[PDB]
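Protein chains in written order, with the deposited numbering: chain Z, 1023 to 1118; chain W, 75 to 423; chain B, 54 to 211; chain V, 369 to 631. Structure record follows, encoded as structure tokens.
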Amino acid sequence: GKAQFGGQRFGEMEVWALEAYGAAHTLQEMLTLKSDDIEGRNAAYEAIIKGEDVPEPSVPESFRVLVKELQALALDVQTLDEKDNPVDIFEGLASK
Amino acid sequence: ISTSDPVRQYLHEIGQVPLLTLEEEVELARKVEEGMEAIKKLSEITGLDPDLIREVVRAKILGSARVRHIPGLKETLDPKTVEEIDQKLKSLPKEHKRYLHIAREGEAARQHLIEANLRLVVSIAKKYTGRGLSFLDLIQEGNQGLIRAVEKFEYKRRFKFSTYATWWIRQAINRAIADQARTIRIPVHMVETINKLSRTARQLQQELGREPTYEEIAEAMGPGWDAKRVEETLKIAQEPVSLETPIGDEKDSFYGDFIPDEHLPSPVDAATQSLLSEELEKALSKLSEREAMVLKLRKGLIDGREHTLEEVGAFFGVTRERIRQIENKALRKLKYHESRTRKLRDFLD
Amino acid sequence: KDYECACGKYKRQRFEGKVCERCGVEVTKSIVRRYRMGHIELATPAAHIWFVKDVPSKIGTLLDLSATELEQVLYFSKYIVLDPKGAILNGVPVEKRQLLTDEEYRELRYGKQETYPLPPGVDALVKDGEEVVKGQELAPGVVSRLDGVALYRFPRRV
Amino acid sequence: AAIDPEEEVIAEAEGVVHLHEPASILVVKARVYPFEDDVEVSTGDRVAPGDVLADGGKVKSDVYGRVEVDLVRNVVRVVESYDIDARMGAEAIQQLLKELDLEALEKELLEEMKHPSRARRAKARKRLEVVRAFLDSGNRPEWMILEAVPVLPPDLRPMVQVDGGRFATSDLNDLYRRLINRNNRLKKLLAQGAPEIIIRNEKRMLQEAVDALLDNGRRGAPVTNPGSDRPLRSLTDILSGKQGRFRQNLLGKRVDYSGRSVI
DNA sequence: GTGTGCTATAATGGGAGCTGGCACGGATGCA
DNA sequence: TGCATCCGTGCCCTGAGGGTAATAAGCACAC
RNA sequence: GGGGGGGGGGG
Ligand SMILES: [Mg+2]
Ligand SMILES: [Zn+2]
């Protein structure tokens, strides 16, 4: 909304257009560095105001929200590497 | 068959236990009192805790279904201990066997009475609908009050059971409503204050023919009440709203779609703090190592704690006068550097 | 609040992960409030509704139970037997995994018995403890519905 | 007897006592046994044919039943009733699920798979698909019954002070409140040894509370905020639909560094 | 200020049915 | 095999509206 | 076997 000084919505169809253009990095920017990647957006702003290039994007916060909500439904969702060993997306805050 | 609809199921279930005639009620109450006296007698005889024998007899009369720890009992309740107690009580001579039999009958009489007096709870609870709790919750709280009334009823007074049971059912229902009806919990005395204030406001609206100002309400409340207290009470009695409510007449846009996150720092704020840290480090690098360490230990940039002059002097092995002098000259250098370069003015916010 | 205990004893990163004794709150970031879970220890197990009302029901399919039967068992409308214990119902012995209605379960578990009130002033034909067959007249206005021993509840007269 | 010392009936002299005009008569399908000496078994106990009843083993029971010792009549009754093991609800369901041997069921369904009929074969195929999924996945079937519900982190169901001074809350807090209330009331009712009807109703409403927390409106009427008809938002309704997590926050987002204007 | 107990005519099955204008596909009982 | 019932779907972005709603006794000790 | 529905403007 204009009143809340908000931003434009990049919906499903825009993502489809980005995919059809084969622009992977622009899409990854839209999904992470410009929304709900806190460390990513903070580092991006710092790099831009220092003149550098933006860093690598990270895991979106909404994916963590989805994982926690699925764990609330008594379902276990695990992120696995090539060897199927568990990889943590919370860097150990949610694990005792 | 009544699929779903729990209230129909509950009513049809409670309608299967027959109502009591007066003589049966008197006999059941007599059995309960005699059983309690017998439990006390067994407690005296075996030298054990009355609640222990009480729970053992209750578990035996109920069956193997219900076994679990009792909050009041110091020992854990398991089938081993209850069998031990049953065998210990079954070892007593012939004379005391009648006491065990009476206690075992009194437990069943208590169960029968509690089963028989549930529709009274239902009828008392049916008048409390619409005060924040569902019907079945009120029914269950009234059932707890009924159980307490069954425990406390004395049949010697010739009064009917309902007369004493209604008090307990009513008080249990009101206590539950005052305790559990609000998302943010308010003490029962403050809940009564809110209810009395609402009643007074309703009465004054009735006579006055319009909604009164706070001062009239406070005057009607009596001594100790001013308008500010009435306003404070009204501010206290307010219930939160749901984020998932549609603001306008939509069904897709809600209240949470316009609430900002003020806790986590914004990218501008985090960047400002990072730049402040970097500029502070750069300015401190214009000092010496020791006089920078002094201020870092004093301010909390190192290890996060504000160290006293004595601690830093002991850390550097110098006198508190020397540590104070070097700290002061380092701060003088910092002031001179900031005046000459002007790199920290805009960070004063 | 970031790196700050509840009571305010530990208010910065010099402790990180340390547990305050007074308030019991671990000193970490605030964002952990988005990740840490709790739990509620039920006193009675409850079935997950996804595996019950998602046709075809997975629990019912595993246990070869229809939707109506599983609904009746789960929401307390019928019993299910795990051990017959040699019981017999209406001449047919009870088999495992059968559904019994409340009256059938009660007559199996606690026996069958009835109570017949007599009009005031009318004396009982049979005597206390006397065995009675079904249909035998216990009172002029009372007809028995089951063969068994008859007992007096409350004699008005001695 | 009477409540007061007066009106008591004390025998004038030696004689016999007779009781007439009962208020009501109870007929019980039971076996009676008179006894003289001390009785071995108390009331409520269940006995098997041949179990000792009284008189140190002289009299013994002939029928599976429950012992009812009438001290007034000095008689041990045995009400013909069994110790049948029957349970209700998710406890019974979980007990059944723990007794499943998936390999034996797989063999049985493989045998049924070869039956000529179409419908029997198809049903056996479906059951075998479910059983083999459970076998290969490594998930025990009894895990479909919940014993400890997980609790979502607070910041995903926040209690936030709005600018005007009020408070804004999520419906998940209300659902969790209902669940905790009913669970604690169940624990208290069990601690008091309440009758079975009360415990059964409490267990049923606990089950309904968990059902509403997981999937509101799936069965029965949805739970609503007091004085309102708007259903509460459960965990299921946040993940699915046009306004769910997937389509609203994962397949599309709102982005920074963006503007809008007329062309 | 907040948490808890208790009180003695007799009271014993709620809420009334706020009703009817989408429609088509699929999947399983149930004949 | 042909009916009957329940559950699942039904375009995208943006603006302005503006949201808060009918009540059952209290009093006495305790810390 | 027993109770449905998110207002109006722009493109
Ligand atoms: Mg005044
Ligand atoms: Zn603390």
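Backbone N, C-alpha and C fix where the C-beta goes; we use that ideal spot for every residue, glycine too.
- Counting every other CB atom within 10 Å of its CB across the protein chains shown gives W:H263 a total below 16, marking it as exposed.
- At least one C-beta of chain B is nearer than 7 Å to the C-beta of V:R572.
- Chain-order list of chain V residues neighbouring Z:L1088: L607, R613, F614, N617 and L618, by C-beta distance under 9 Å.
- For B:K62, the distance from the CB to the nearest heavy atom of ligand 2 is below 6 Å.
- Taking a Cβ-Cβ cut-off of 9 Å, the neighbours of W:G206 in chain V comprise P594 and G595, given in sequence order.
- With contacts defined as CB atoms closer than 7 Å, W:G216 and W:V195 qualify as a contacting pair.
- Here the distance from the Cβ of B:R67 to the nearest heavy atom of ligand 2 is not below 6 Å.
- The criterion of a C-beta distance shorter than 7 Å is satisfied by V:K571 and B:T97.
- Of B:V196, B:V78 and B:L115, the smallest CA-CA separation from V:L468 is found for B:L115.
- Below the 7 Å Cβ cutoff, chain Z contributes no neighbours of B:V108, its closest Cβ being approximately 19 Å away.
- For W:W299, the closest of W:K270, W:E313, W:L282 and W:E285 by C-alpha to C-alpha distance is W:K270.
- Relative to ligand 1, W:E306 has its C-beta separated by 6 Å or more from all heavy atoms.
- Interface flag for Z:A1065 against chain B is unset, since no Cβ pair is found closer than 7 Å.
- Taking every protein chain shown into account, the CB of W:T150 has fewer than 16 other CB atoms within 10 angstroms, so this residue is exposed.
- Within chain Z, the residues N1064 and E1068 have their CB atoms less than 9 Å from the CB of W:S348, given in chain order.
- Nearest Cα to W:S351 within the set W:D331, W:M367, W:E336 and W:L375: W:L375.
- Within the chosen limit of 6 Å, ligand 1 reaches the beta carbon of W:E293 through at least one heavy atom.
- Taking the Cβ atoms as the reference, W:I243 lies roughly 7 Å from W:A223, within the contact range of under 8 Å.
- Excluding the 5 residues flanking it on each side, B:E69 has same chain C-beta neighbours closer than 8 Å at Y56, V80 and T81, in chain order.
- A direct Cα-Cα distance of roughly 24 Å separates V:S410 from W:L147.
- If you draw a straight line from the Cα of W:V392 to the Cα of W:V368, it is about 12 Å long.
- Per DSSP, W:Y410 lies in no beta strand (DSSP E) segment; the continuous alpha helix (DSSP H) that holds it begins and ends at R394 to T415.
- Taking 8 Å as the Cβ-Cβ cut-off, the region 491-507 of chain V approaches chain B at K494, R495, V498, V499 and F502, given in chain order.
- Against chain B, a Cβ distance below 8 Å from W:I221 picks out nothing, because the smallest value is about 18 Å.
- Of all residues in the region 1040-1058 of chain Z, none is placed with a Cβ closer than 7 Å to any Cβ belonging to chain W.
- In this structure, V:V447 lies away from V:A416, with their beta-carbon atoms at least 7 Å apart.
- For the region 1104-1116 of chain Z, the beta-carbon criterion of a distance under 7 Å to any beta-carbon of chain V is satisfied by none of its residues.
- Set against 6 Å, the gap from the CB of B:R86 to the closest heavy atom of ligand 2 is not smaller.
- Between W:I198 and W:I247, the beta carbon gap of about 7 Å places them in contact (Cβ cut-off 8 Å).
- Residue pairing from DSSP leaves B:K165 without any beta-bridge partner.
- Between B:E122 and B:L142 the beta-carbon gap is near 18 Å, outside 8 Å, which marks them as no contact.
- Shown in chain order are the members of the region 83-101 of chain W whose Cβ falls below 9 Å from a Cβ of chain B: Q83, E87, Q90, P92, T95, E97, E98 and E101.
- Under DSSP, the beta-bridge partners assigned to V:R455 are B:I133.
- Approximately 7 Å separates the beta-carbon atoms of B:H101 and V:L582; this is inside 8 Å, confirming the contact.
- DSSP places B:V202 inside the beta strand (DSSP E), whose first and last residues are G201 to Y205.
- Of all residues in the region 81-93 of chain B, only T81, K82, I84, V85, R87, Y88, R89 and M90 come within less than 8 Å of chain Z when Cβ atoms are compared, listed by chain position.
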